[PDB]
Amino acid sequence: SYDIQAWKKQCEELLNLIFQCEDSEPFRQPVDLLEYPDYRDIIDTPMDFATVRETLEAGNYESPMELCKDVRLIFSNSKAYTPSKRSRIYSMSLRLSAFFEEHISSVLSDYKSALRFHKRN
Ligand SMILES: CCCCNC(=O)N1CCN(C(=O)c2ccc(C)o2)CC1
């Protein structure tokens, strides 16, 4: 399965599944600084799933590893901003992270395998 370009549509489909998850609602658009006035005191690099989808559709990811780094930043931002491990929005992030990691692992493996096959000779 050595298609070097296959990751892009695989990531589009996984983003569609994440947008159908009720657990993604807080992560679909940038944090409102009006409602969370201290957000940018703590978070130096905002990230949301609409920004990830737009970056992918612009052709501004070279690899699924770059997309994976931005999605993991959504989750690390939620962990850094939460006042408690028992917060609603943080708990939604942990379930969504487990779902994302379960589905991205084959996308990364197949891409890296395809690149190794491309350089085989
Ligand atoms: C305007 C449409 C939604 C915008 N998102 C949004 O407001 N947030 C999601 C990110 N965030 C957190 O990760 C987080 C962790 C713990 C708590 C209370 O928030 C801050 C809130």
Side-chain angles (χ1 to χ4, degrees), residues 1-19 21-121:
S1 182
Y2 305 125
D3 184 342
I4 300 172
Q5 284 93 49
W7 65 273
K8 178 171 183 181
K9 182 157 209 193
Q10 291 163 355
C11 289
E12 290 166 0
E13 295 166 347
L14 176 55
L15 288 168
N16 285 342
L17 291 175
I18 287 169
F19 274 90
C21 289
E22 285 175 7
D23 287 340
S24 73
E25 191 294 315
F27 315 107
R28 283 179 201 160
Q29 294 297 145
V31 170
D32 182 30
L33 304 193
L34 270 289
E35 290 167 357
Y36 304 93
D38 62 332
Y39 188 73
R40 296 299 296 281
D41 302 346
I42 308 163
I43 302 307
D44 272 326
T45 318
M47 192 53 64
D48 67 66
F49 281 110
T51 300
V52 172
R53 177 182 263 175
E54 285 160 16
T55 302
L56 182 66
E57 294 310 275
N60 288 181
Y61 288 127
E62 183 172 22
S63 70
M65 298 83 79
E66 293 178 353
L67 178 143
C68 189
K69 180 170 169 193
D70 285 350
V71 169
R72 286 168 179 178
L73 181 59
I74 297 168
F75 300 132
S76 63
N77 288 345
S78 183
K79 189 171 191 178
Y81 192 69
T82 194
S84 165
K85 296 237 171 278
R86 310 174 57 265
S87 106
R88 171 76 194 268
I89 293 166
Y90 175 62
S91 80
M92 295 166 76
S93 86
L94 291 181
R95 290 188 296 265
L96 196 67
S97 173
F99 174 84
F100 173 74
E101 293 295 331
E102 175 179 293
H103 285 76
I104 204 61
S105 54
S106 60
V107 178
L108 292 167
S109 293
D110 288 0
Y111 175 81
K112 295 183 171 184
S113 165
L115 229 45
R116 290 188 295 265
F117 188 79
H118 192 74
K119 297 149 203 41
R120 71 193 183 285
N121 297 126

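Computation of the quantities below employed the complete heavy-atom set of this structure, encompassing side-chain atoms and omitting hydrogens, waters and symmetry-equivalent molecules. Every number for a ligand or one of its atoms is a count from 1 in the order of the listing. We number each residue from 1, following the sequence as shown.
Annotation: atom 8 (N) of ligand 1 to nearest protein heavy atom, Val31 CG2, 3.6 Å. Of all protein heavy atoms, the one closest to atom 17 (C) of ligand 1 is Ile89 CB, 4.0 Å. At the top of the distance list for atom 7 (O) of ligand 1, counting protein heavy atoms only, stands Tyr36 CE1, 3.2 Å. For atom 3 (C) of ligand 1, the closest non-hydrogen atom on the protein side is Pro26 O, 3.8 Å.
Among all heavy-atom pairs drawn from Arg28 and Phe19, the shortest one is NH2-O, 3.0 Å. The heavy-atom pair separating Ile43 from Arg40 by the smallest distance is O-NE, 3.2 Å.
Considering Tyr39, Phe75, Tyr90 in turn, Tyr39 is the only one that fulfils the ring pair (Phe, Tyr, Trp, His ring centres under 6.0 Å) rule with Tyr81.
The shortest separation from a heavy atom of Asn77 to ligand 1 is not under 4.0 Å, leaving the residue out of contact. At least one heavy atom of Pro30 sits less than 4.0 Å from an atom of ligand 1.
The atoms of ligand 1 that sit less than 4.0 Å from any heavy atom of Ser87 are 16 (C).
Salt-bridge annotation for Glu101 and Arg72: present, with a side-chain N of the basic residue lying under 4.0 Å from a carboxylate O of the acidic one.
Counting heavy atoms under 4.0 Å from ligand 1, residue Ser78 touches it through both backbone and side chain.
Relative to the ring axis of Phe117, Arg120 places its NZ or CZ within 45° and under 6.0 Å from the centre.
A donor and an acceptor atom, one from each side chain of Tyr61 and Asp70, are located under 3.5 Å apart.
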